[PDB]
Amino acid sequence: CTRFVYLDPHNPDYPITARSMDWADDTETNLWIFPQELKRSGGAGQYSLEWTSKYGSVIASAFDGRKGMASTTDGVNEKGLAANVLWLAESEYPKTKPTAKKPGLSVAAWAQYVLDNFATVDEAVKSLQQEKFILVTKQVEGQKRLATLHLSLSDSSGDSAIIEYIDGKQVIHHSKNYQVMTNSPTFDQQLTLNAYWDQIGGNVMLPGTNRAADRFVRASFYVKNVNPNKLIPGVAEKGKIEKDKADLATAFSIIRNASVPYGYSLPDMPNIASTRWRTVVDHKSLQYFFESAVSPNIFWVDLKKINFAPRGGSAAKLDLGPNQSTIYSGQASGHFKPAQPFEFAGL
């Protein structure tokens, strides 16, 4: 997976987050509207963390019809906080067992928890630093193992953060400068990957392979060097709306450039996989775009057009069908249908 936040110097206060989901198999992803005040359980042990959602969200699920595997993978809430769970990471989660004072939170609900409770990256980082819970993952049927993952976050202010578990310890990097994040290697290592390429130009050469390092490097270069709203001699400066749209096109093109062609696989490197879909978050407009790479399907969801007030514990679901082939076009909030929140995987 690849994620970035794109910031146009010529169109400030208009951040756009984009992400690719990379996995070798169908993720059976659908979209969900989750209203305010849902009562949720962490899905861990007898000491599972508990909360009541404060903010409504639109999210992208994976395997939501399977008790064993259902998760929130990606989403944005009504305050503009976006969260992405990047798969095929190299995390080692805590050994320590959940206790009533420090209860468990399933990995499957990790992003949901954040989207449900916090309005900004900063807010979320402050709360996560207190280590109020233990992140847990399951023991599962063989062949193969599963997914390790880490969590990236972004704001309407353009802020960014990433949270990983290395040697069982929670490691947080928080800065508006952390515009690009890949699933691998660890973020400390990610931070040094550009240096060589900055020394020579990115216009001179870039690595082109699918490797996480290459995707990171490519995306870092384009995000810093592409301005679609440059002033041109003889051509009116564009209006705000046109500038916004151009930024959106730029973000889409970069995340497409960092995607992994469909069907590609390398036995030596099992952490490289087909990009199956992409999401793009326009924070200011609160618009959540979804794009299938498997089926022709691109559309968005306008959180301003959704009522996130409580619905007596029910929610809504946009069924994308097999291989995300069920076509929706334009603003799609109207096509969401009532449904009970799926259960998060855990124990």
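From 1 onward, residues are counted along the sequence shown.
Peer 1: Taking only the CA atoms, which stretch has the higher mean B-factor in the record, 313 to 321 or 41 to 49?
Peer 2: Higher mean C-alpha B-factor: 41 to 49.
Peer 1: If you average the Cα B factors in the entry, which is higher, 117 to 125 or 243 to 251?
Peer 2: Mean CA B-factor is higher for 117 to 125.
Peer 1: Report the option among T186, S259, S152, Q130 whose CA atom has the maximum B-factor in the deposited record.
Peer 2: The listed residue with the largest C-alpha B-factor is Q130.
Peer 1: Say you rank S220, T73, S274, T99 by Cα B-factor from the PDB entry; which sits at the top?
Peer 2: Comparing C-alpha B-factors across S220, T73, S274, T99, the maximum falls on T99.
Peer 1: Using the B-factor values recorded in the entry, state whether the Cα atom of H335 falls in the lowest, middle or highest third among the modelled residues of its chain.
Peer 2: It belongs to the middle third of the chain when residues are ordered by C-alpha B-factor.
Peer 1: Taking the entry's C-alpha B-factors for this chain, is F4 in the lowest, middle or highest third?
Peer 2: Within its chain, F4 is a lowest-third residue by C-alpha B-factor, going by the deposited values.
Peer 1: How does the C-alpha B factor of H283 compare with the rest of the chain: lowest, middle or highest third?
Peer 2: As the PDB entry reports it, the C-alpha B-factor of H283 lands in the lowest third of its chain.
Peer 1: Taking the chain's C-alpha temperature factors as the reference, tell me which third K305 falls into: lowest, middle or highest.
Peer 2: Lowest third - that is where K305 ends up once the chain's C-alpha B-factors are sorted.
Peer 1: Using the B-factors in the PDB entry, rank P207's C-alpha atom against the chain and give the third, lowest, middle or highest.
Peer 2: As the PDB entry reports it, the C-alpha B-factor of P207 lands in the lowest third of its chain.
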